[PDB]
Amino acid sequence: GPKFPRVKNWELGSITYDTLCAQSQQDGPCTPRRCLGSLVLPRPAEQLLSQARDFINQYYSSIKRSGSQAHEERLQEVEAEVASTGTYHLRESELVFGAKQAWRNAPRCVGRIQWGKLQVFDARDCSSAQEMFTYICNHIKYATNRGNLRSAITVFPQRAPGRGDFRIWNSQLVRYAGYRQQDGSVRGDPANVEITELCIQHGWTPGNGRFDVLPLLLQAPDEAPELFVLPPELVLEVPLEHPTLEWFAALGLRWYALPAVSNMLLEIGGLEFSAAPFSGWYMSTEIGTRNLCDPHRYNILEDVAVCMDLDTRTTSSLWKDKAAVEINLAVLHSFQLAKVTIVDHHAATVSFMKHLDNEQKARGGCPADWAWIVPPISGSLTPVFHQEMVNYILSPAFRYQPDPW
Amino acid sequence: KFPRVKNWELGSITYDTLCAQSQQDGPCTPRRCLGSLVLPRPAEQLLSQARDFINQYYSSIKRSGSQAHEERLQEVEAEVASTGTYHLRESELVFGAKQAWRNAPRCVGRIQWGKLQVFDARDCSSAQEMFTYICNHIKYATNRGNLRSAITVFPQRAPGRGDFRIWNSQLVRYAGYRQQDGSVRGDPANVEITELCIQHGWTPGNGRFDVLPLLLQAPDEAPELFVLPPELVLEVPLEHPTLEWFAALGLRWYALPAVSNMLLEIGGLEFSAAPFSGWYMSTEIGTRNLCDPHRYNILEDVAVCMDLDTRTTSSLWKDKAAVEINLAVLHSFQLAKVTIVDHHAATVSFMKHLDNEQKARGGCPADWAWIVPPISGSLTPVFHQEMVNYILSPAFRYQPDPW
Ligand code: HEM
Ligand code: HEM
Ligand SMILES: N=C(Nc1cccc(O[C@H]2CN[C@H](COc3ccc(/N=C(/N)c4cccs4)cc3)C2)c1)c1cccs1
Ligand SMILES: N=C(Nc1cccc(O[C@H]2CN[C@H](COc3ccc(/N=C(/N)c4cccs4)cc3)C2)c1)c1cccs1
Ligand SMILES: C[C@H](O)[C@H](O)[C@H]1CNc2nc(N)[nH]c(=O)c2N1
Ligand SMILES: C[C@H](O)[C@H](O)[C@H]1CNc2nc(N)[nH]c(=O)c2N1
Ligand SMILES: [Zn+2]
């Protein structure tokens, strides 16, 4: 019957039609001849005006005022401003709506049940690297909130014609050092090799531990970046122990409480906020499966299996699956004990199914990237595994952007 | 512009150029991706597919462009022009079946693709004859537990008449008996086929693991019922290497996975009954068949036996039971000496396959959501590997249920 993607849940037998994808203005990487959905990197003038008009229409709808005089004056305001300046500026309440809408729009986030609850710090008055540092520290203090984490975003000035960008160089506000060795290996987190070497080229005195917190490299328009060390008491970490395996604590493993992405671009109504770091809380599989067990990350699967006395010489003992489970349980248990917000992959995905049902009623669909939504252990044990998903790009949005160097 | 395909664990990059040869559209468009969807959203026609397939064949035997080739193309041409259809030589059929398996994007076992026993059953005129061919196939493929991949191919679709079909979705399937209180005894995926069997006269049982009969159908005839002789259906009792109470759950599974409702398309010709088999990957039995909520759904029972905290997701009880159940399956198949492959060995060998395919053909169509196992995804190398999905022919396809 309906001319929109049919979407099926194979566990419960239920069908829906996504009508929201109609609202996609921006193409993704797929064509009728080939599906490129599994690729991680999906490879103005009047152009700005129409993005702006579209965003202002979205704002007036969210407050139920489409067609009103407040609505048509705001449009006229926006084009007048572009008319003479080439760009325009967002009201405070517009920025707050657009930031939540960007989270809500993100196909790869499983945490969107929470989308309506986001503290938006407005930092569009910021004019130096020192000041960014102050805002960032404020963000971390508020978001961390002694372990009872609160979702938050801090928005720095938008991109502007000619003038250089605001940029945080690090990919997260909290990142462990990755030190390349003589023996070709790496101490710390291999993911952070490059940002580590940049920090050093820029005058940071490197440690040599597995869990050295990096300084921040902050860049204000048309200036070399500057280096700022986070005060250690601001950076809450959790030491990792296991509820029954007494030796697990002796491994000296740890992770930080606050995940906070700092290198993504927040785009709203054509405006481009190149520095707009955002934070929530972790799903446990991010730490316990990916960060600790990826072969190219900490890679601790073998060491843990040896302690558990598993047969690591044969795949069919499932030593990998057993070790990974215990690591995940340790992460959950240690966060619980420390009273630091965290969510397991079962709670997370159940809440995402609720989110999908909310959005079906509210917008008639929800863009979602199945390969990312499904957890990296125990996939089919979660209800998202059995749920078809339609992936597409809406604006406002979080986007990847080239690295500044 | 061709796709860049990156592996994120090793940082290596390929380009897929094989996809340029795709002639069929997939479910996606520029505006939206539909890859996680499970089901799909004249003479010159047949003639191009035929020419193209005959060209694939002669190329493969390196006898391309020449005499045997040009004459084979004329034969196909002469036959289509007069009859609106043609027929394949046995050795072409053999090439086509292997190539259809090779091209299947959802298949993690393709390293094996060159090793396929092909039974030509195109001289089949009755359900009875289909039954005999189906038994030889089971007997050959099972091989007392040393499983061997096989396909049996029945007579192709013809404009004039209905299809040869096997109603059952696999050759071995456990009964599912719906209760008046909604609930199911046996395998809830097989409720509708169980019911069809009874309607066509089968005496039901009441076990959790009662093996179904086959419903075989010769063209335009009511389907016919046939019982598989119990000694043809090899089964493995499930026990656990260290948990003695596990055996007592009375769980088992059959050795031979043989798909029997898909359509085999070669050279524009369609083979509506062409059952195929190989061997199981352990996660198919251990994770999906026994732990899916809408399958036998044994996760809670196992967790209670292991004495775990059921009250909370965050004890990871589900993850712990799943792992033991998969362990039980591998141990049990190893003990009965029946071919099985675990998901680590399987995905490791699929990686080697992508690499062979890259050198040979310049790409490999693969469906990431189906290749990555349903437990321990990121623990296998495939998780970390970008994959391009597209339809090449020869191919296995879905087709509608005959009832
Ligand atoms: C409330 C707690 C939250 C949880 C548990 C959560 C969970 C996640 C997870 C697990 C991922 C995938 C991570 C990975 O594999 O690298 C993700 C992606 C993402 N989330 Fe969240 N999220 C939360 C809140 C937030 C917030 C506050 C924002 C921004 C306002 C956000 C925006 C994103 C974006 C943009 C991505 C995808 C990044 C990319 O495409 O590469 N989420 N989320
Ligand atoms: C030799 C051992 C083999 C193994 C271990 C294997 C493994 C698998 C697995 C795990 C799947 C996913 C099935 C599911 O989740 O339901 C699959 C899909 C498939 N395999 Fe295999 N395979 C093997 C051999 C074969 C053979 C011999 C054929 C046919 C000649 C074949 C054709 C297929 C096809 C067509 C699919 C796709 C099914 C669909 O689209 O629904 N495979 N394979
Ligand atoms: N490689 C780099 N740049 C770069 C360029 C393009 C993309 C990119 O990756 C994104 C996707 N993946 C990465 C992280 O995204 C995440 C990470 C964690 C995450 N998890 C959470 N629970 C939350 C974070 C924030 C709110 S919830 C949610 C999203 C960030 C990194 C650099 C490394 C060092 C300096 S530049
Ligand atoms: N049944 C429905 N939808 C439907 C229709 C066609 C196909 C389908 O799913 C596929 C996926 N999967 C199924 C069989 O595929 C398999 C199964 C097992 C398998 N495993 C193996 N190891 C092998 C089998 C043979 C050689 S290796 C490899 C492939 C078949 C579902 C309907 C619901 C309501 C009205 S109609
Ligand atoms: C190749 C593949 O796209 C890549 O490994 C993806 C798979 N799914 C993922 N899912 C999440 N949430 N995060 C990731 O980094 C990835 N990696
Ligand atoms: C919606 C989703 O695509 C569906 O559940 C798929 C996911 N991946 C799968 N992968 C395999 N091998 N088998 C399956 O049945 C499925 N189910
Ligand atoms: Zn796609």
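Residue numbering restarts at 1 for every chain, and letters A, B, ... go by the order of the sequence lines. Ligands are counted one by one from 1 in listed order, and the atoms in each one are counted from 1 as well.
The backbone N or O of B:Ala141 sits nowhere less than 3.5 Å from a side-chain atom of B:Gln117 that would complete a donor-acceptor pair.
Residue contacts with ligand 4: B:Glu284 is placed with a nitrogen or oxygen under 3.5 Å of a nitrogen or oxygen of the ligand (distance criterion only).
If you check which protein heavy atom lies closest to atom 11 (C) of ligand 1, you get A:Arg108 O, 4.0 Å. Among all protein heavy atoms, the one lying closest to atom 7 (C) of ligand 1 is A:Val110 CG1, 3.9 Å.
Contact annotation for B:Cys107 and ligand 2: heavy atoms of both the backbone and the side chain come within less than 4.0 Å of the ligand. Residue-level proximity to ligand 2 for B:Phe276 is carried by the side chain, the only part with a heavy atom below 4.0 angstrom. In B:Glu284, the part holding a heavy atom less than 4.0 Å from any atom of ligand 2 is the side chain.
Within the 4.0 Å heavy-atom cutoff, B:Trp101 does not count among the residues contacting ligand 4. Using a 4.0 Å cutoff on heavy atoms, B:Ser277 counts as a contact of ligand 4.
Taking the six-membered ring for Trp, B:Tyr280 and B:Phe333 have ring centres at least 6.0 Å apart.
There is no side-chain donor-acceptor pair under 3.5 Å between B:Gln24 and B:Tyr390.
By the 4.0 Å N-to-carboxylate-O rule, A:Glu272 lies too far from A:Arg399 to be salt-bridged with it.
Put simply, OG1 on B:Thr142 and CG on B:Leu256 are 4.5 Å apart, with the number rounded to the nearest 0.5 Å.
Remark: ligand 4 atoms within the under-4.0 Å shell around heavy atoms of B:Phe276 are 25 (C), 26 (C). Every atom of ligand 1 with a heavy atom of A:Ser279 under 4.0 Å away is listed here by number and element: 27 (C).
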Please test B:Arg295 against B:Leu290 for side chain to side chain contact (heavy atoms under 4.5 Å, CB included), starting from the C-alpha separation and ending with a verdict.
CA-CA 6 Å; B:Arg295 305 291 307 280; B:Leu290 307 165; over 6 Å; no
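Remark: among candidates B:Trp370, B:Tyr280, B:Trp113, B:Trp279, the nearest residue to atom 16 (O) of ligand 2 is B:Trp370, based on non-hydrogen atoms.
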